[PDB]
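See structure below.
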Amino acid sequence: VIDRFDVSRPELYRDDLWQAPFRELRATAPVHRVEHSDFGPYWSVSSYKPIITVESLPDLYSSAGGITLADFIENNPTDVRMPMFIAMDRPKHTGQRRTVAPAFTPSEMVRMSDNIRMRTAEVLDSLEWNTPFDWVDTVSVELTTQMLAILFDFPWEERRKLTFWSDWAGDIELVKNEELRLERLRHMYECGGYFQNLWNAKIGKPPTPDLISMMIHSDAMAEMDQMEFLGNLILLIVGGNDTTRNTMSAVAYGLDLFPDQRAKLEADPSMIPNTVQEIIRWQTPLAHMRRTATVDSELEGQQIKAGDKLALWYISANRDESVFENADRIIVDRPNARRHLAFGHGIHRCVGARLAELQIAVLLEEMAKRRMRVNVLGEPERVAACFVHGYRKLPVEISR
Ligand code: HEM
Ligand SMILES: CCCCCCCCCCCC
């Protein structure tokens, strides 16, 4: 079987073959049912306009029946079910989004701007020139995970624990990478235990920004307790680390493919902010999110039935030629670059978007300060998944 339009296949992303099928799907079937399968049947929502209309309709297309193409996958007593306010609806969703959003008030960005800058500086000065190395590990991960260590508190030493994402379950819960039942789950419990210790370490003092803090001593009018954790902090971890990483990893890789557009940026640091957006578009650190139809419905032609599983391929959206012409080129001056769907749309749009915008900016700032230019050597070891989207290894050196 090569459904071709079964764009679930982790092959396409690892090997970088997703461009053509999603080029056709847009031009002849932007809403298309993949009957079978790999994950079970889905609806490939593959274009810009249609996505928006799904995400602006939280009743017709729920977030509280799973949010990636993976499912609950079990009957009755094997418990599981890890809550997450990204996987919520109705009012409760707005309840809990309230209780983390103040971490990303632009004044908090200004407060954290100065620390972020020291660590971005400090990292880039450890780097040596023309000697090869791994952009992913030495920069994109190393920074990124620092940031998540400050958003919780670890503190510092052994913060590499936060690199237990292993949540590429867009391709891990599908006949088991690890048998699973006491593996990704046990990896997740050993996390939760550790964070429970951190929750009990903070039941004195005021709000110490986010780091549990914000879930309690900073009011938290609801957001009680009761293993929301494996869930909410699963969410927070992945959001606050992996997404940014693959972007930093993409600034090195991406720009280098389009070295003229890089040189213009190199010349003009006022381009930076639009550069950040343009890059976040390009990459789409999460290629897709899924909704689930609660009642029967019409959508761009197609006939969605209560039960059906939707699948919003931002990855293809951000290359919709209706909106961004020559989308498969990085163009750092591209005006509308800010209108990408990588952070998403509607009431779920990434609450951390301003922080990721900062982390990247400062990288490209601290880089300009230094006259860097990252030169990619081999091709990168990509991730194999429909959900996460970037790089496990990037081989580079730096010049001037
Ligand atoms: C380049 C960086 C990032 C990208 C591409 C990204 C992407 C996304 C996307 C696509 C969603 C779902 C959007 C939707 O349904 O409309 C989302 C939700 C979320 N992201 Fe991010 N994200 C990023 C950074 C962050 C950071 C830094 C944090 C936290 C510190 C974070 C926390 C979240 C949270 C909490 C949600 C769920 C919000 C809700 O309930 O609607 N993200 N993110
Ligand atoms: C079981 C696989 C789905 C869970 C993946 C973690 C939650 C995704 C949050 C996205 C970060 C913004």
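The sequence shown begins at 7 in the authors' numbering and counts up by one.
Quick reminder that beta carbons are idealized off the backbone N, C-alpha and C, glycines included.
Any non-hydrogen atom of ligand 1 within 7 Å of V357 CB
yes
With H, G and I counted as helix, E and B as strand and the rest as coil, what does DSSP make of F139?
strand
Opening and closing residue of the beta strand (DSSP E) in which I79 lies
Element bounds for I79: n/a, residue is neither H nor E.
Extract the residue ranges of the beta strand (DSSP E) inside the stretch 94-169, only unbroken runs of 3 or more that lie entirely within it.
The qualifying runs do not exist here; there are none.
On the criterion of 16 or more Cβ atoms from any shown chain inside 10 Å, does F393 qualify as buried, or is it exposed?
buried
Within this structure, are the beta carbons of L130 and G246 separated by less than 8 Å?
no
Whole-angstrom distance between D266 and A273, CA atom to CA atom:
Their Cα atoms are separated by approximately 10 Å.
For the 8 Å Cβ check, are there 3 or more pairs between the stretch 300-308 and the stretch 58-68?
yes
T298 - DSSP class collapsed to helix/strand/coil:
strand
Continuous beta strand (DSSP E) stretch holding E30: start and end:
From DSSP, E30 is part of no beta strand (DSSP E) but of the alpha helix (DSSP H) over 25-34.
Label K315 either buried or exposed according to how many other C-beta atoms from any shown protein chain fall within 10 Å of its C-beta, with 16 as the threshold for buried.
buried
Give me the Cα-Cα distance between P83 and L383, rounded to the nearest whole angstrom.
51 Å
Taking the alpha-carbon of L31 as reference, which of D22, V51, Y19, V145 has the nearest alpha-carbon?
Considering only alpha carbons, the answer is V51.
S53, buried or exposed, once every other Cβ within 10 Å from all chains shown has been counted against 16:
buried
Can you list the residues near ligand 2, meaning Cβ strictly closer than 7 Å to any non-hydrogen atom, in the order they appear in the chain?
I73, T74, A76, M90, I92, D173, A175, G176, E179, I240, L241, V244, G245, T249, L292, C356, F393
Measuring only from the beta carbon, is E61 closer than 7 Å to any heavy atom that is part of ligand 4?
With respect to ligand 4, the structure offers nothing, as its ligand set consists of ligand 1 and ligand 2.
Can you look up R345 in the DSSP assignment and give me helix, strand or coil?
helix
Below 7 Å, is the gap between the Cβ of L361 and the nearest heavy atom of ligand 1?
yes
Here's a check: name, in chain order, each residue in its chain whose Cβ is nearer than 7 Å to the Cβ of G237, leaving out the five neighbours to either side.
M88, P89, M90
With burial defined as no fewer than 16 other Cβ atoms inside 10 Å of the residue's Cβ, what is the status of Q232: buried or exposed?
exposed
Based on DSSP bridge pairs, tell me the residues matched to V382.
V402
Give me the residue from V389, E387, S405, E372 with the minimum Cα distance to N381.
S405
Does the distance between the C-beta of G350 and the nearest non-hydrogen atom of ligand 1 fall short of 7 Å?
Taking non-hydrogen atoms of ligand 1 into account, the C-beta of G350 is found less than 7 Å away from one of them.
Counting along the chain, where does the alpha helix (DSSP H) carrying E304 start and finish?
It is not in any alpha helix (DSSP H) - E304 instead sits in the beta strand (DSSP E) that spans 303-305.
Considering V282, what are the terminal residues of the beta strand (DSSP E) in which it resides?
Where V282 is concerned, there is no enclosing beta strand (DSSP E), although the alpha helix (DSSP H) it sits in stretches over 278-289.
Regarding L236 and ligand 1, is the C-beta to nearest heavy atom distance less than 7 Å?
Not one heavy atom of ligand 1 falls within 7 Å of the beta-carbon of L236.
Determine the contact status of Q283 and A367, defining contact as a CB-CB distance below 8 Å.
no
For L369, does the count of other Cβ atoms within 10 angstroms reach 16, so buried, or fall short, so exposed?
buried
Check the DSSP bridge columns for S50 and list the partner residues they point to.
Looking at the DSSP assignment, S50 forms a beta bridge with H38, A317.
How about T111: is its Cβ closer than 7 Å to a heavy atom in ligand 1?
no
Measure the Cβ-Cβ separation of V329 and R345 and say whether it is below 8 Å.
yes
In chain order, what residues of the same chain have a beta carbon less than 7 Å from the beta carbon of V145, not counting five sequence neighbours either side?
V129, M254
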